[PDB]
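# Inside the fold
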Amino acid sequence: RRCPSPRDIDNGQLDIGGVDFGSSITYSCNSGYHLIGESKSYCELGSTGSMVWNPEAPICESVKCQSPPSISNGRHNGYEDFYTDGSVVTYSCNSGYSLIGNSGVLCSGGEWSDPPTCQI
């Protein structure tokens, strides 16, 4: 019974909640990454009644967050063109508004947090 040692994934971790004929594994990324495509393997039979595993290892990469959000009457600073889990950027108005909240913006999880505004 059961299927053979399921396949693995780089920069990711499997969630083997069962390896029985008809079970399913849950694929996930390591940390600060983003798994693309599927995320679950299915223990099934091959073509000649053999043992195999359905879609196991999907995609996985480090959350590359480009230029921070595009606020109104303002913009971001940054020195590079891309960012990842652990990047920061300072925001600034254009015409000359008043940076609302904090100019700093954390880059983590393929997104940005703590974005400011620009009011008079």
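Residues numbered from 1 in each chain as written, not as in the entry; some residues may be left out. Heavy atoms only, no water.

## With respect to the sheet that holds strand β13 (residues 112–113)
A sheet is described by the order of its strands in space; here four strands give the open sequence β8-β10-β12-β13, paired in antiparallel fashion. Whereas interior strands pair on both sides, the edge strands pair on one side only; in this sheet they are β8 (74–76) and β13. Bridge analysis of β8 against strand β10 (residues 87–93) gives three bridges, and the strand direction is antiparallel. Bridged to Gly74 within β10 is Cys93. (Pairing = 2+ DSSP bridges. Helix = DSSP H or I, 4+ residues; strand = E, 2+ residues; numbered from the N terminus.)

## Quick look at the packing of aromatic side chains
In the structure shown here, the tally under the stated rule is one aromatic pair. Ring geometry for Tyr83 and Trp112: centres 5.0 Å apart, planes at 75°, overall edge-to-face. Of this pair, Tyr83 sits in strand β9 (residues 82–83) while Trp112 sits in strand β13, placing them 29 residues apart in sequence. Like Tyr83, the residue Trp112 is buried in the burial classification. (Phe/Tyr/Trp six-rings, centres within 6.5 Å; stacked < 30°, edge-to-face > 60°. Buried < 20%, exposed > 50% of the residue type's maximum accessible area, 1.4 Å probe, protein only.)

Interpretation in functional terms is not warranted from these geometric data alone.
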